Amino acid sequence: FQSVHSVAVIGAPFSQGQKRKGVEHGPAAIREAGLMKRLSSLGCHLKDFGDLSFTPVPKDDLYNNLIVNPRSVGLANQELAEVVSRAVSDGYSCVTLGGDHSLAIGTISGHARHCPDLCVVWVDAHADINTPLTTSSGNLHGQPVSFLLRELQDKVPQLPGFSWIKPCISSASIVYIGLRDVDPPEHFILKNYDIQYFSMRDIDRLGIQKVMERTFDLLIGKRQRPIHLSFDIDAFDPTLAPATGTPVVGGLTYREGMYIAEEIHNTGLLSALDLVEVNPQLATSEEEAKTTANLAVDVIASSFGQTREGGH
């Protein structure tokens, strides 16, 4: 094979960062679409940690009539952070299957425990950077980055179950790609703190090649750094990825998404990847659910060396 990678796979069947049921079946859907076989065929040394079972929290209602399930979200992420830490500690590139995007709190925190100069490429229709004070929905899947960013620490209140989190990335160390549904406060956060982002509009103008070039220039232009790719399937157009809870029209094409993944592979710096927000229960047909899972597998496989030219 062109290159061998050691890859751990963690299922995180978690739904409480949002209100729509079924995203907890994300990890199963992706698995049934053949993830392990595909990574095997590419030369990957694989370790399957299986699908985690998160400790429920009995009482966990609306916090200040706004934040939904903070204790469950906080604890599930604390648990996931331990496993991701273990995997990275053991030397694996850590693939976590979601589950809603609240789980990036745990995956990035866990990763950061071993990589002080970690950087993040966040591929998403959404910035997910509302603080608990700026959120309109109160859904923590739209807040994960606020708890991780050092610059926002003074703006984030201490939520129950969240005391264990330490901000671990600076505003210069995360680049967003694919944005198209951004709240006014999130826009203010991005601009005010100099967080670099390439919205769908930036991609329309520059094209995905220049987007990736600039992305790497910003993050790894001066030195090599481990990369955490946090990939929300809703980055893709809903015609390609319909089985997801917060679809937004005018997303990435299949080609652009593969291009992102291929460029991440080509760095040789991919250290962890999240594939989140696949909700097969939201598909209007079996083939809608299966196409979304198949697309998830293509993203992950391309991140680990699958190409459009038979070079693997």
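For every residue, the number given is its place in the sequence shown, counted from 1. Here, rigid core means the biggest group of C-alpha atoms that superpose within 1.5 Å across both forms.
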Core-fitted comparison in 8 other deposited structures of this protein, 276 to 284 vs 59 to 67, farther C-alphas:
59 to 67
On a core superposition, give the stretch, 241 to 249 or 49 to 57, with the larger average C-alpha separation from this form in 8 other deposited structures of this protein (RMS over structures and residues).
49 to 57
Which is higher on average in the deposited entry, the C-alpha temperature factors of 119 to 127 or of 96 to 104?
96 to 104
Looking only at CA atoms, which has the higher mean B factor in the entry: 72 to 80 or 199 to 207?
72 to 80
Which of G50, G251, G268, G245 ranks first by CA B-factor in the deposited coordinates
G50
Which one of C44, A29, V276, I264 shows the biggest C-alpha B-factor in the PDB entry?
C44
For the chain shown, is the CA B-factor of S171 in the lowest, middle or highest third of its modelled residues?
middle
By the entry's values, the third containing the CA B factor of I227 is the lowest
Sorting the chain's modelled residues by C-alpha B-factor, tell me whether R180 ends up in the lowest, middle or highest third.
lowest
Third of the chain's Cα B-factor distribution that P160 belongs to, per the entry:
highest
Ranked against its chain, the third holding the CA B-factor of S137:
highest
